[PDB]
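Source file: my_file_39.txt (compact mmCIF, C-alpha atoms and all ligand atoms)
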# COMPACT_ATOMS: atom_id res chain seq x y z
CA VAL A 31 29.83 13.75 -15.08
CA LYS A 32 28.77 12.50 -11.65
CA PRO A 33 25.87 13.60 -9.45
CA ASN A 34 26.44 14.96 -5.94
CA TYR A 35 23.52 13.63 -3.93
CA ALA A 36 23.70 14.71 -0.30
CA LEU A 37 21.47 13.83 2.63
CA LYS A 38 18.93 16.57 3.30
CA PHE A 39 16.19 15.04 5.45
CA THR A 40 15.56 11.90 7.42
CA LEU A 41 11.93 10.92 7.79
CA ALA A 42 11.11 8.88 10.87
CA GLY A 43 7.72 7.58 11.97
CA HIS A 44 7.15 4.06 10.73
CA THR A 45 7.52 1.59 13.58
CA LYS A 46 8.51 -1.38 11.42
CA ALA A 47 10.41 -1.92 8.15
CA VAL A 48 9.57 0.47 5.35
CA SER A 49 8.47 -1.33 2.17
CA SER A 50 8.06 1.18 -0.64
CA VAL A 51 8.34 4.91 -1.24
CA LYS A 52 6.93 6.77 -4.25
CA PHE A 53 6.85 10.43 -5.33
CA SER A 54 3.50 11.83 -6.41
CA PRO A 55 3.45 12.67 -10.13
CA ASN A 56 2.84 16.36 -9.34
CA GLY A 57 6.06 16.37 -7.32
CA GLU A 58 4.52 17.63 -4.08
CA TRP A 59 4.37 14.49 -1.99
CA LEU A 60 6.12 11.30 -0.99
CA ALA A 61 4.06 8.25 -0.02
CA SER A 62 5.55 5.48 2.09
CA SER A 63 4.24 2.06 3.04
CA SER A 64 5.45 -0.25 5.76
CA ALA A 65 5.33 -3.59 7.53
CA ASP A 66 3.59 -1.58 10.27
CA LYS A 67 0.38 -1.69 8.12
CA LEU A 68 0.46 2.07 7.52
CA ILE A 69 0.76 4.46 4.60
CA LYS A 70 2.37 7.81 5.42
CA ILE A 71 2.41 11.00 3.37
CA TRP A 72 5.34 13.45 3.55
CA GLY A 73 6.26 16.73 1.85
CA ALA A 74 8.58 15.96 -1.08
CA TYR A 75 10.72 19.04 -0.65
CA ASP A 76 10.95 19.45 3.12
CA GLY A 77 10.27 15.92 4.32
CA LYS A 78 7.52 17.29 6.59
CA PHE A 79 5.16 14.59 7.85
CA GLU A 80 1.67 15.20 6.48
CA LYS A 81 -0.68 12.34 7.47
CA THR A 82 -1.15 8.60 8.15
CA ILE A 83 -3.53 6.43 6.13
CA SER A 84 -4.73 3.24 7.84
CA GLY A 85 -6.93 0.20 7.17
CA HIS A 86 -4.99 -2.86 6.02
CA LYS A 87 -5.05 -5.78 8.46
CA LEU A 88 -1.46 -6.83 7.78
CA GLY A 89 1.77 -5.29 6.47
CA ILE A 90 1.91 -3.35 3.20
CA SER A 91 4.48 -4.28 0.55
CA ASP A 92 3.86 -1.63 -2.12
CA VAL A 93 2.06 1.63 -2.83
CA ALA A 94 1.50 3.63 -6.05
CA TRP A 95 -0.01 6.97 -7.15
CA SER A 96 -2.69 7.74 -9.68
CA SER A 97 -1.54 10.06 -12.47
CA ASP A 98 -3.47 13.04 -11.05
CA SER A 99 -1.79 12.50 -7.64
CA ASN A 100 -5.18 12.16 -5.90
CA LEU A 101 -5.39 8.39 -5.33
CA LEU A 102 -3.09 5.73 -3.92
CA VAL A 103 -3.24 1.98 -4.32
CA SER A 104 -1.60 -0.29 -1.74
CA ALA A 105 -0.69 -3.99 -1.83
CA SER A 106 -0.87 -5.96 1.43
CA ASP A 107 -0.07 -9.27 3.10
CA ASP A 108 -3.79 -9.36 3.92
CA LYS A 109 -4.24 -10.52 0.29
CA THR A 110 -6.03 -7.34 -0.79
CA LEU A 111 -5.25 -4.07 -2.49
CA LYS A 112 -6.92 -0.88 -1.32
CA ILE A 113 -7.64 2.27 -3.31
CA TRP A 114 -7.40 5.46 -1.25
CA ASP A 115 -8.56 9.01 -1.70
CA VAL A 116 -5.49 10.79 -0.35
CA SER A 117 -7.11 14.09 0.69
CA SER A 118 -9.92 12.48 2.71
CA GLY A 119 -7.98 9.36 3.70
CA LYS A 120 -10.96 7.22 2.75
CA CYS A 121 -10.59 3.70 1.41
CA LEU A 122 -12.62 3.86 -1.80
CA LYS A 123 -12.35 0.21 -2.78
CA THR A 124 -10.91 -3.03 -1.47
CA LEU A 125 -9.69 -5.26 -4.30
CA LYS A 126 -10.27 -8.88 -3.37
CA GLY A 127 -9.20 -11.92 -5.36
CA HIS A 128 -5.59 -12.86 -4.82
CA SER A 129 -5.19 -15.99 -2.70
CA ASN A 130 -1.89 -14.99 -1.10
CA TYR A 131 0.14 -11.87 -0.21
CA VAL A 132 -0.07 -9.03 -2.73
CA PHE A 133 3.52 -7.84 -3.29
CA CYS A 134 3.46 -5.20 -6.03
CA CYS A 135 1.08 -2.71 -7.63
CA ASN A 136 0.78 0.12 -10.13
CA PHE A 137 -1.75 2.33 -11.90
CA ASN A 138 -1.69 2.61 -15.68
CA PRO A 139 -1.02 6.13 -17.04
CA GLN A 140 -4.74 6.71 -17.68
CA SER A 141 -5.22 5.43 -14.09
CA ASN A 142 -8.47 3.64 -14.91
CA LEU A 143 -6.66 0.34 -14.25
CA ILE A 144 -4.49 -1.20 -11.55
CA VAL A 145 -2.06 -4.07 -12.06
CA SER A 146 -1.01 -6.30 -9.14
CA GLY A 147 1.33 -9.21 -8.55
CA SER A 148 1.13 -11.78 -5.78
CA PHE A 149 2.74 -14.74 -4.04
CA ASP A 150 -0.10 -16.73 -5.62
CA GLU A 151 1.96 -16.47 -8.85
CA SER A 152 -0.67 -14.48 -10.71
CA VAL A 153 -0.87 -10.99 -12.16
CA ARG A 154 -4.27 -9.30 -11.89
CA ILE A 155 -5.74 -6.32 -13.73
CA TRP A 156 -8.41 -4.34 -11.87
CA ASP A 157 -10.94 -1.65 -12.78
CA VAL A 158 -10.35 1.37 -10.53
CA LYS A 159 -13.92 2.65 -10.61
CA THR A 160 -15.69 -0.64 -9.89
CA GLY A 161 -12.97 -2.29 -7.81
CA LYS A 162 -13.51 -5.49 -9.78
CA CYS A 163 -10.86 -7.79 -11.23
CA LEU A 164 -10.96 -7.74 -15.03
CA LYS A 165 -8.27 -10.37 -15.76
CA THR A 166 -6.22 -13.00 -13.99
CA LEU A 167 -3.03 -13.82 -15.87
CA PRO A 168 -1.32 -17.17 -15.20
CA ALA A 169 1.85 -15.21 -15.30
CA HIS A 170 4.51 -17.19 -13.48
CA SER A 171 5.33 -20.39 -11.60
CA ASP A 172 6.72 -18.63 -8.51
CA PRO A 173 5.79 -15.48 -6.59
CA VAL A 174 5.51 -12.31 -8.69
CA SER A 175 8.06 -9.72 -7.57
CA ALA A 176 7.05 -6.72 -9.71
CA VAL A 177 4.50 -5.34 -12.19
CA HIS A 178 4.62 -2.14 -14.28
CA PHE A 179 2.71 -0.49 -17.15
CA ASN A 180 4.57 1.07 -20.06
CA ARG A 181 4.10 4.71 -21.08
CA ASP A 182 0.73 4.35 -22.85
CA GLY A 183 -0.57 1.49 -20.72
CA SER A 184 -0.70 -0.92 -23.66
CA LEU A 185 1.85 -3.23 -22.04
CA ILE A 186 2.51 -4.74 -18.63
CA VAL A 187 5.84 -6.16 -17.59
CA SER A 188 6.08 -8.73 -14.78
CA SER A 189 8.92 -10.48 -13.01
CA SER A 190 9.20 -13.53 -10.81
CA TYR A 191 11.40 -15.79 -8.75
CA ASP A 192 10.86 -18.28 -11.60
CA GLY A 193 13.63 -16.33 -13.31
CA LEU A 194 11.44 -14.86 -16.04
CA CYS A 195 10.41 -11.42 -17.22
CA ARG A 196 7.21 -11.39 -19.25
CA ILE A 197 5.44 -8.75 -21.32
CA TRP A 198 1.67 -8.76 -21.46
CA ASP A 199 -0.85 -7.11 -23.74
CA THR A 200 -3.06 -5.14 -21.35
CA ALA A 201 -6.19 -5.31 -23.49
CA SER A 202 -6.14 -9.05 -24.22
CA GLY A 203 -4.08 -10.46 -21.37
CA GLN A 204 -1.97 -12.46 -23.82
CA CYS A 205 1.71 -13.06 -23.14
CA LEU A 206 3.65 -11.22 -25.85
CA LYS A 207 7.17 -12.00 -24.75
CA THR A 208 9.24 -14.06 -22.36
CA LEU A 209 12.71 -12.70 -21.71
CA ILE A 210 15.50 -15.02 -20.71
CA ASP A 211 19.26 -14.63 -21.04
CA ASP A 212 22.11 -17.10 -20.53
CA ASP A 213 20.78 -18.08 -17.09
CA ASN A 214 17.59 -17.56 -15.06
CA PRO A 215 18.29 -16.48 -11.46
CA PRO A 216 15.25 -15.14 -9.56
CA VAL A 217 14.11 -11.81 -10.98
CA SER A 218 13.39 -9.54 -8.04
CA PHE A 219 12.32 -6.34 -9.80
CA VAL A 220 11.40 -5.01 -13.23
CA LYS A 221 10.15 -1.74 -14.75
CA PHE A 222 9.92 -0.06 -18.17
CA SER A 223 12.17 2.86 -19.04
CA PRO A 224 10.31 6.20 -19.30
CA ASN A 225 10.37 6.08 -23.13
CA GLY A 226 9.10 2.51 -22.94
CA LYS A 227 11.86 1.15 -25.19
CA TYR A 228 13.72 -0.66 -22.44
CA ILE A 229 13.18 -2.78 -19.37
CA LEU A 230 15.32 -2.67 -16.22
CA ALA A 231 15.46 -6.02 -14.42
CA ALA A 232 17.09 -6.96 -11.13
CA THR A 233 18.16 -10.51 -10.33
CA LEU A 234 19.27 -12.03 -7.03
CA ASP A 235 22.81 -12.52 -8.26
CA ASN A 236 23.85 -8.95 -7.47
CA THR A 237 23.02 -7.80 -10.98
CA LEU A 238 20.82 -5.27 -12.79
CA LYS A 239 20.23 -5.56 -16.54
CA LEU A 240 18.87 -3.17 -19.17
CA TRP A 241 16.90 -5.05 -21.83
CA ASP A 242 15.82 -3.96 -25.26
CA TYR A 243 12.41 -5.55 -24.88
CA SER A 244 11.33 -5.43 -28.52
CA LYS A 245 14.45 -7.22 -29.73
CA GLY A 246 14.70 -9.43 -26.64
CA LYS A 247 18.34 -8.68 -25.85
CA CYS A 248 20.40 -7.38 -22.93
CA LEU A 249 22.20 -4.10 -23.65
CA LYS A 250 23.64 -3.10 -20.27
CA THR A 251 24.71 -4.76 -17.01
CA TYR A 252 25.14 -2.99 -13.65
CA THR A 253 27.04 -4.53 -10.74
CA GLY A 254 28.97 -3.69 -7.58
CA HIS A 255 26.02 -3.63 -5.20
CA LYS A 256 24.71 -6.45 -3.01
CA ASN A 257 21.41 -8.10 -3.86
CA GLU A 258 20.96 -11.80 -3.14
CA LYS A 259 17.95 -11.95 -0.82
CA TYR A 260 15.52 -9.04 -1.11
CA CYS A 261 13.35 -7.56 -3.82
CA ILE A 262 14.81 -4.07 -4.10
CA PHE A 263 13.23 -1.29 -6.15
CA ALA A 264 15.36 0.30 -8.88
CA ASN A 265 14.88 3.42 -11.02
CA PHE A 266 15.76 5.49 -14.04
CA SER A 267 16.88 8.95 -12.97
CA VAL A 268 16.17 11.40 -15.78
CA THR A 269 15.84 14.91 -14.28
CA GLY A 270 19.58 15.57 -14.48
CA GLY A 271 22.27 13.15 -15.56
CA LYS A 272 20.98 9.82 -16.87
CA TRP A 273 21.43 7.34 -14.03
CA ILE A 274 20.36 3.95 -12.73
CA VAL A 275 19.45 4.05 -9.02
CA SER A 276 19.01 1.10 -6.67
CA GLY A 277 19.09 0.15 -3.00
CA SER A 278 21.48 -2.55 -1.78
CA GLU A 279 21.86 -5.10 1.01
CA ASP A 280 25.02 -3.36 2.27
CA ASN A 281 22.80 -0.44 3.41
CA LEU A 282 23.82 1.90 0.56
CA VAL A 283 22.06 3.60 -2.34
CA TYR A 284 23.95 2.88 -5.57
CA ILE A 285 23.92 5.20 -8.58
CA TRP A 286 25.32 4.16 -11.96
CA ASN A 287 25.93 5.98 -15.21
CA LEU A 288 23.35 4.29 -17.49
CA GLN A 289 25.67 4.32 -20.52
CA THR A 290 29.07 3.41 -19.10
CA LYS A 291 27.65 1.22 -16.30
CA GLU A 292 30.22 2.56 -13.83
CA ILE A 293 29.21 3.44 -10.29
CA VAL A 294 29.12 7.21 -9.98
CA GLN A 295 27.92 7.50 -6.37
CA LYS A 296 27.21 5.47 -3.22
CA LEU A 297 24.96 7.14 -0.63
CA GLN A 298 25.82 6.35 3.00
CA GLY A 299 23.47 6.81 5.96
CA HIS A 300 21.07 3.92 6.34
CA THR A 301 21.61 1.24 8.98
CA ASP A 302 19.75 -1.63 7.29
CA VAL A 303 19.00 -2.91 3.78
CA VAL A 304 17.85 -0.16 1.43
CA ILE A 305 14.75 -1.84 0.03
CA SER A 306 13.23 1.06 -1.89
CA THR A 307 14.41 4.07 -3.84
CA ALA A 308 12.42 6.57 -5.89
CA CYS A 309 13.32 9.54 -8.09
CA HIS A 310 11.46 12.87 -8.05
CA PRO A 311 9.66 13.64 -11.34
CA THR A 312 11.15 17.13 -11.94
CA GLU A 313 13.93 17.75 -9.40
CA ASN A 314 17.17 15.90 -8.69
CA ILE A 315 15.87 14.30 -5.51
CA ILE A 316 16.10 10.64 -4.44
CA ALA A 317 14.01 9.07 -1.70
CA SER A 318 15.34 5.91 -0.02
CA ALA A 319 13.89 3.63 2.66
CA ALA A 320 15.25 0.80 4.77
CA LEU A 321 14.18 -2.40 6.54
CA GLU A 322 13.47 -3.28 10.18
CA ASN A 323 16.71 -2.27 11.94
CA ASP A 324 16.57 1.24 10.43
CA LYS A 325 12.90 2.18 9.75
CA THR A 326 13.72 5.57 8.22
CA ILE A 327 13.23 7.27 4.89
CA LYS A 328 15.91 9.61 3.53
CA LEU A 329 15.70 12.47 1.05
CA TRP A 330 18.85 13.22 -0.93
CA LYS A 331 19.41 16.14 -3.28
CA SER A 332 21.91 16.80 -6.07
CA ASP A 333 22.66 19.90 -8.12
CA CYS A 334 22.87 17.77 -11.28
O1 LIG A 401 11.97 -8.97 -0.54
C1 LIG A 401 11.47 -9.50 0.40
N1 LIG A 401 11.23 -8.79 1.63
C2 LIG A 401 11.66 -7.42 1.71
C3 LIG A 401 10.49 -6.59 1.23
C4 LIG A 401 9.45 -6.11 2.23
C5 LIG A 401 8.27 -5.28 1.77
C6 LIG A 401 8.12 -4.91 0.30
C7 LIG A 401 9.17 -5.42 -0.66
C8 LIG A 401 9.04 -5.16 -2.13
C9 LIG A 401 7.85 -4.95 -2.80
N2 LIG A 401 8.17 -4.80 -4.09
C10 LIG A 401 9.56 -4.95 -4.22
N3 LIG A 401 10.08 -5.17 -3.00
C11 LIG A 401 9.95 -4.78 -5.69
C12 LIG A 401 8.72 -4.40 -6.42
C13 LIG A 401 7.59 -4.55 -5.45
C14 LIG A 401 10.35 -6.26 -0.23
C15 LIG A 401 11.05 -10.95 0.37
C16 LIG A 401 9.95 -11.42 1.31
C17 LIG A 401 9.51 -12.88 1.29
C18 LIG A 401 10.19 -13.86 0.33
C19 LIG A 401 11.29 -13.37 -0.61
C20 LIG A 401 11.72 -11.92 -0.60
Write out the structure in this file as structure tokens.
Amino acid sequence: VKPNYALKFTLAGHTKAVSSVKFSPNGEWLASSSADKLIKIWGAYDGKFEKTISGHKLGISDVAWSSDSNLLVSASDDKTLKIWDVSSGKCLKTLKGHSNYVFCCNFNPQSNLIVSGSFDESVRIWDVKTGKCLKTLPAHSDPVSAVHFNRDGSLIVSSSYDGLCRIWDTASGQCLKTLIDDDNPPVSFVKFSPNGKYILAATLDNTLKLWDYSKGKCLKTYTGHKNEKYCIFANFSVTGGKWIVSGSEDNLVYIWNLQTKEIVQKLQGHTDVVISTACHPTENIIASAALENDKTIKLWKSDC
């Protein structure tokens, strides 16, 4: 079986490269962040522009939703994260502590915590309600490219240009695992599978790998796309067929069969690197976004 994703809407409005798009957990909204220092909110189903959220002093590299879909956190080159109340647009808290660009962020499922990763090579864990940093983890020896909580928030996974993926105990901050295969090219993205059994890791040798974390072994490898320079988001698609989804430096969205690792679709339309993809939580919808020469977000829909 293959999906049949087809372009439905193109969302224009950012005036510089888009950085990261994310669907709200309740399925109603898409948030985007950009090098233009703005967050924008769009309807998930119709692509209709809703509102702009502003306040960072420099470009934004990542954005993430709270579990109740009411808050956003953003990660900026201005070395801060901000927590936003989406309905009012108010910045609730500015999270200060990183000493260089903040590149990646996420809420835990309970959404009482935020995890962040930075060019300062650290991973930080923040309290949402106080805005204070609870822990600084000496996570890596190069910039941190991604951070993600597992399904019950007990674990954090991080990746770095140092070629490592590491698993952290949220409560204690201790490093539980370092994953390394036969080589250690820069790791440009990582996230847990929905069931929390696996980890999907991208490396800058045009490769994605599915790891059994607990046993510390690689199970699957996905190739055919181009990824040697940029930190591109990747996803598990689980609403229909079971796919791996990623952007690519040849301006396409790639979709693989998770099991057989074969490419099942390549989505054409963007005019620059597809830096970010996201999968809708209940419908077969993909959002994609591209860098400076394109500036648009695209919504694609499949019947399976
Ligand atoms: O990937 C890069 N730039 C493209 C870009 C721009 C804005 C956001 C992102 C981004 C954020 N996150 C990711 N990519 C993966 C997980 C979090 C990348 C990059 C920038 C400086 C040195 C090495 C690589």
request  = Could you tell me, counting only C-alpha atoms and all ligand atoms, which protein and nucleic acid residues lie no more than 8 Å from ligand LIG 401 (chain A), written as a ChimeraX atom specification?
outcome  = /A:47-50,64-65,90-92,133-135,175-177,218-220,259-263,305-306,321
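The spacing separating CA of residue 173 (chain A) from CA of residue 146 (chain A) amounts to 11.7 Å.
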Near-region 112-118 of chain A list (6 Å; all atoms listed in the file; drop same-chain fewer than 4 positions) as a ChimeraX atom specification = /A:100-104,122-125
Shell of 9 Å around residue 169 (chain A), only C-alpha atoms, local chain residues under 6 positions omitted, as a CSV table (one decimal) with C-alpha atoms, in the frame of the given file:
chain,number,residue,atom,x,y,z
A,151,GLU,CA,2.0,-16.5,-8.8
A,152,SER,CA,-0.7,-14.5,-10.7
A,153,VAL,CA,-0.9,-11.0,-12.2
A,188,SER,CA,6.1,-8.7,-14.8
A,189,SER,CA,8.9,-10.5,-13.0
A,190,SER,CA,9.2,-13.5,-10.8
A,196,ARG,CA,7.2,-11.4,-19.2
A,198,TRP,CA,1.7,-8.8,-21.5
A,205,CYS,CA,1.7,-13.1,-23.1
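CA of residue 299 (chain A) to CA of residue 282 (chain A) spans 7.3 Å [interatomic distance, one decimal].
Going from CA of residue 76 (chain A) over to CA of residue 295 (chain A), you cover 22.8 Å.
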ask   = Near residue 54 (chain A), within 7 Å and counting all atoms listed in the file, which residues show up once chain neighbours fewer than 6 positions away are dropped, as a PyMOL selection string?
value = chain A and resi 60+95+99
key: Contact residues around residue 59 (chain A) with only C-alpha atoms at 7 Å, ignoring same-chain residues under 5 positions, as a VMD selection string   = chain A and resid 53 to 54 71 to 74
remark   = Judged by all atoms listed in the file, the minimum distance to residue 168 (chain A) among A:155, A:320, A:264, A:315 is found for A:155
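Among the candidate residues A:269, A:301, A:276, A:332, the one lying nearest to residue 236 (chain A) is A:276, with distances computed using only C-alpha atoms.
Summary of the local environment: counting all atoms listed in the file, residues at most 10 Å from residue 37 (chain A), other than itself and those fewer than 5 positions away along its chain, are residues 297, 298, 299, 315, 316, 317, 328, 329, 330, 331 and 332 of chain A.
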query = Hey, which of A:325, A:272, A:239, A:221 ends up closest to residue 46 (chain A)? Count all atoms listed in the file.
reply = A:325
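Distance check against residue 145 (chain A) using only C-alpha atoms: of A:178, A:194, A:126, A:302, the minimum falls on A:178.
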Please, which residues are within 7 Å of (0.9, 13.7, 6.4) by the file's coordinates, counting only C-alpha atoms, and could they come as a short mmCIF file (atom, residue, chain, number, x, y, z; two decimals) with C-alpha atoms, keeping the file's coordinate frame?
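What ended up in point.cif:
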data_model
loop_
_atom_site.label_atom_id
_atom_site.label_comp_id
_atom_site.auth_asym_id
_atom_site.auth_seq_id
_atom_site.Cartn_x
_atom_site.Cartn_y
_atom_site.Cartn_z
CA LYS A 70 2.37 7.81 5.42
CA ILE A 71 2.41 11.00 3.37
CA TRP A 72 5.34 13.45 3.55
CA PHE A 79 5.16 14.59 7.85
CA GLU A 80 1.67 15.20 6.48
CA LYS A 81 -0.68 12.34 7.47
CA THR A 82 -1.15 8.60 8.15
#
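If all atoms listed in the file are the atoms counted, then among A:157, A:313, A:172, A:280 the closest residue to residue 217 (chain A) is A:172.
Taking all atoms listed in the file into account, residue 238 (chain A) lies nearest to A:251 out of the set A:225, A:40, A:287, A:251.
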